[PDB]
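Below: one structure, written as structure tokens.
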Amino acid sequence: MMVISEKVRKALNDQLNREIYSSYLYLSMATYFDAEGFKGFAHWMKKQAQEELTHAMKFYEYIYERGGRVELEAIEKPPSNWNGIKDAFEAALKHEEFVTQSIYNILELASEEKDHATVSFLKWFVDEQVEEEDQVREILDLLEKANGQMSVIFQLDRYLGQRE
Amino acid sequence: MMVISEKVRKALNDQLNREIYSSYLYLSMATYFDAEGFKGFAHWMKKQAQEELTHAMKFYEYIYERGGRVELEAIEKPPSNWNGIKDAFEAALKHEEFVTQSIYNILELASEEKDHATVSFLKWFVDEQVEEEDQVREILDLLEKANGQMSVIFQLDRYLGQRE
Amino acid sequence: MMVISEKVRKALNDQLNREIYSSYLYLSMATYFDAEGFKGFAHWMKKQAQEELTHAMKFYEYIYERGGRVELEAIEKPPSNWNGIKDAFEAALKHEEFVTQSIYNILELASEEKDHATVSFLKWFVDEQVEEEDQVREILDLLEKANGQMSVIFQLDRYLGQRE
Amino acid sequence: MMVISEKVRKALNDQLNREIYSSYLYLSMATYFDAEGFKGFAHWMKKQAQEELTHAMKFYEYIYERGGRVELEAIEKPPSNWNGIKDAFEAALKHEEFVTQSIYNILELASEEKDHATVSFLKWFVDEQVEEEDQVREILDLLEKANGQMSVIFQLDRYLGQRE
Amino acid sequence: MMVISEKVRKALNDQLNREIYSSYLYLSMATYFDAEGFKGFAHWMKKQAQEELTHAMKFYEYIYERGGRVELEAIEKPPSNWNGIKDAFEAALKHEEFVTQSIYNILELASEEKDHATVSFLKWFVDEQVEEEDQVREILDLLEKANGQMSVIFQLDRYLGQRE
Amino acid sequence: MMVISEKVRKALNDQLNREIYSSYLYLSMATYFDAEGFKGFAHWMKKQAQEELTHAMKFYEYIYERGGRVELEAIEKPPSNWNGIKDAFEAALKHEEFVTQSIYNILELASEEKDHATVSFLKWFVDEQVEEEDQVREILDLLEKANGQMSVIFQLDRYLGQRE
């Protein structure tokens, strides 16, 4: 039997599908960067795409642990182009902030229903989001300082390309 | 410059998107097996999904290697209910044979264009598809013999759950 | 001096005595499985009883850490017979869900008094209960599928008898 | 089929229930010592409680080896306060002497019925009780010599707190 | 941009400054124990001072992770004398209990604002405060028993002198 | 009995308090660097803060060795903002030169009193100050040759961020 409410299960399943899209978005960002000749930034992006899939799978497994099931939905076509390296990371930041609020919304729902199990489950993602958001801010800081000097982009492309 | 034709690039890009769908389909099968309580079968499908992403990425990197660009498209909602275990693996077989034929179509397009580089590149996938098809046929034969007997199905689930 | 309220101390002390009873219940189930000749299912229950004792001792030590004292109460006689293996596990699931509600009630009490220390301490048990319920549900679902088939029950007894 | 008589089975099951009570009593002594701030003496009592459970389980397994079954009974509420350290260890000594006589009584019953298997089984307990009683008498001797001197009691608490 | 509200940033920054003062208060207790010839108690306080700096640095880094900034404020002159060993440790407990309440107030502010990230972040401190308080209470219990007997105070000085 | 003069004790205690302020000043410089997004310069400043505390503790311990006592004083609020990276390191150099003269004044005081123990003790700090001043001058040299070029400033930030 399912021990989560249908509302909570729906919220969790919706969030699973959002992490799938997050993954796919970051893959397309990789497509952009590769097309611009920045293999390091693209490498970063491929690595992030994989990280998002681990988030999806954490939701996946918790749904089953509470006796629900997952239903996968259509994935929307992401953007494939950005107006420059900074434009893409600003998009990444705004996406991650949106994911954080989505998670927050599930937390508040669960808390309202006195579903302490789901509330506790979500702590991990609250904490991870802090780091996801921070990593993109740091990159934007470094890009802001670089002011388009290939010299610096070459080392910072190199640097993000050493990820993992 | 791009040194594949736009027709070939499009064919390869379409197949990249097909492999992403394959990955998602196998994940959907995993959602089914997990809902039905077969974690071994679900495990096998999760590994298979991961494998399909590696195929997608081989297409990805070849496209850039020949000067082209990748454009990610919408992914269709996969089916989530099968009549039973054997029906889900039968659908997997059918899907792999469809992918094989998709690959054959690119290969024939490339040989027509004398794009020997792309022809040589696809050989890996022709060979890999033979193995992919064979693995599912083997499971199907076991499941035909089990003839719905739970005791045998349980053994198969445990064995497929050992997939590395 | 005691830094928890007497209301929260009593709630914690009550839960400690409930975890002792849990332990005893599982030992009782081991008596039943051993009477029926299922040494592997009995082993599992013995290990489960020991696990419940570690939960009791976690409450014990937290009560003292907040300046309170533990008072052990009488332990009720558990049932000692069930209507087969599946019935025993059904009872075990109902007991665990009852334990989860008991933890929830303490959590809600402590929250209402702003006893953040106790709220935080109780997170571990919320998370543990998710796993405990899930382990029983997994066993039940296997048993549902087995439909009393002795070959499947033998293999399950062997597997549960491996529990560390 | 049960090879022990119902009378010997009842005596063995009674004694298993008595050993469970012994465990619970020593845990209660630990609650007292922890309340008084003697964590070493409390640790000694927790280890003793664990030891008593091993005794219960030795009775358990022999009952099943002879084709009988265990029925767990309610556990009486133990005392939770003593007049001082000596008072608590004196209560432990008295309890152990009572357990020794309880085992003697089973031995005498088994011997009257010519149940040589059960007589032989009980030798381990006769021997173990010698050591159990001696251990408490040793501690009492040292407490008698300490005569309320805290330098000496600190050392004793520390030592008993190293019990493996 | 700063993710945290200015009210929450202020609260966290004020606490960082409180933890710096805690550090310095414990160094001051070391200066007292060193003046009294208790190098072990002084060692303990030097270790506790170092621990409080790790706390401050945890706030520090969280503030920057949320896009805020730290401002270091003047540090008040701590007391430099106590009326005896117990007196100093009683002052340490009162201080720690004040620190716990300060933390609780941040947590309640953050919860009111639905700043789930900061609420989550503070759990570590709620748990750590339980242990900080407990360790000083334990010391105070021992000192109470020692009751000014120098042979027992020597024992405790050597013990606390072994803090790593 | 104290075998340093009260004048020398007071000068040494003043200097211990000056080293504490040095520590705090470097932590404040770290707050600025972190606010400006230079985590490597911020790391170096944190490590510098820690080193200054080791200096304070060397004064601390010598004072106790000569039979004196340490009295901790209020610590002034440090500046938190500079006009750029070079401005901060110039302010660090100026501070260290001031600390050097502070040490020199104690040395001269101790010499006038024929306190050869204290003169000798202070030689360590004379030599260390030569090295602390050189450390900062080297960095200021590297910042001058960077000449505002971000490529180079990033190599220096990462490098100073390796400090152990």
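In this document, chain identifiers A, B, C, D, E and F correspond to the written order of the chains, with residue numbering beginning at 1 in each.
Throughout what follows, contacts are C-beta pairs under 8 Å (C-beta built on N, C-alpha and C of every residue); 3 or more make two chains touch, one makes a residue touch a chain.
Same interface as C-E, judged by over half of the contact pairs sharing residue numbers, among the pairs A-E, A-B or C-D: A-E.
Counted by C-beta pairs in contact, the busier of A-C and C-D is C-D. For the pair chain B and chain C, the distance between C-alpha centroids works out to 44 Å.
Once the centre of each chain is set as its mean CA position, chain C and chain F turn out to be 58 Å apart. Counting partner chains per residue, chain D has no residue touching two or more of them.
Chain contact summary for the complex, chain E toward chain A: residues 3, 65-67, 114, 116-117, 120-121, 123. Every residue of chain D that touches chain E in the complex is listed here, in rising order: 37, 150-151, 154.
Residues 100, 104, 107-108, 123, 126-127, 129-131, 133-134, 137 of chain A are the ones that touch chain E when the two sit in their complex.
Those residues of chain C lying in contact with chain D across their complex are 20, 24, 27-28, 31, 34-35, 57, 60, 64, 69-78, 80. The touching residues of chain C, counted against chain B in their complex, run 138, 141-142, 145-147, 149, 151-152, 155.
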